[PDB]
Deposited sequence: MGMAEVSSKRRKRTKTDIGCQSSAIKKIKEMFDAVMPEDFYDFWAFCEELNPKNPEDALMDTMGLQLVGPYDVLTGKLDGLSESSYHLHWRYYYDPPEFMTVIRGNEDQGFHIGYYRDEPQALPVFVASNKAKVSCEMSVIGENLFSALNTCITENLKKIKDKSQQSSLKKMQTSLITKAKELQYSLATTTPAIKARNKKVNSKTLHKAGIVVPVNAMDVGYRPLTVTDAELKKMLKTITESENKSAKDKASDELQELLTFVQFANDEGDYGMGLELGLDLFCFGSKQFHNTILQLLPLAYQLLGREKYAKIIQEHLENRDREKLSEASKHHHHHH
């Protein structure tokens, strides 16, 4: 019941910890399981969790709670500080496949992704531990230190790891071709002849200086040269695409997306839609097309 409507609206299969985490929250706040973490740490379950609540019941739902710097692989499930744009979501290399780990992002700070666990129990344990080190009252150490005890004990009965990193995550990081500007990483197939990925001709630091000059610099000389250096990269990507190294177009597309400048929107759908479809990741091609279609938004709907 809950399963078929999540694949009805969000076209994706959720892990076991997704459903177990809602049960854990329902034992905390039975009326409003979504707001079980609200008074304690100020987080609310959203995204595919809104199917379990019923605020949206009666295509366009992937974008619902998709922040500015959320790549197609990222799907938000918990929202937080609205000044920082803090939120937690599942990172998923392949749309068919299950999420590889849980990650958080501060959309109003940078595009960088922070891996906080393999499941949402470890994700919450990481958030609790970080919050406990910051100065607070005696009662707010009391109120949240009880939730850590509750979180710990339910994680073990259900037998979920609470570590920040797990062997599977480390094994996945071995297969990453590039960290990307968001630092979460990209994984594409690479055959025996080492075909599939191709690194960028420029490093990440050099690349940001190239994009900065294009968007914010007053030297028609320097900005045209940097713009021409971007064309060389774009021209290298289609040589790679012709030869099968699809991963480079995926890296550079995500790097432009990570920079945040809306000047590169047209250039991003030059890269990522074509990349995701050559990689056999059709849905992620449709994600990015709609996200840049309307990127500045009231994430509620």
| property | result |
| --- | --- |
| Unmodelled ranges, which are counted on the deposited sequence from position 1 and given in order | 1-22, 81-83, 327-336 |
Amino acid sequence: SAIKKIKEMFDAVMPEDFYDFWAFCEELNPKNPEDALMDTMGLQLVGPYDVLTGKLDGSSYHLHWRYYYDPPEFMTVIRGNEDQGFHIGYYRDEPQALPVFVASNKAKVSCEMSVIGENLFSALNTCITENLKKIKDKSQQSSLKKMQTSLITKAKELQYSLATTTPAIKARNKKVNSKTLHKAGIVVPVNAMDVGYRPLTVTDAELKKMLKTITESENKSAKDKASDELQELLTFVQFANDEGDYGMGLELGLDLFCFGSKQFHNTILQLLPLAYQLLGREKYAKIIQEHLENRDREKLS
From here on, numbers count along this sequence of modelled residues.
property	result
Higher-scoring stretch by recorded Cα B factor average, 201-209 or 221-229	221-229
Stretch with the greater mean C-alpha B-factor as recorded in the entry, comparing 254-262 against 27-35	27-35
Member of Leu124, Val109, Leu181, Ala155 with the greatest C-alpha B factor (per the PDB record)	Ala155
Highest recorded Cα temperature factor - choice among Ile88, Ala192, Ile135, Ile128	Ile135
Third of chain Cα B-factors occupied by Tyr61	highest
Where the record places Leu52 (Cα B-factor, split into thirds across the chain)	highest
Record-listed C-alpha B factor of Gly244: chain third	lowest
Within-chain third of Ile78 by Cα B-factor, per the entry	middle
Lowest, middle or highest third - CA B-factor, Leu278	middle
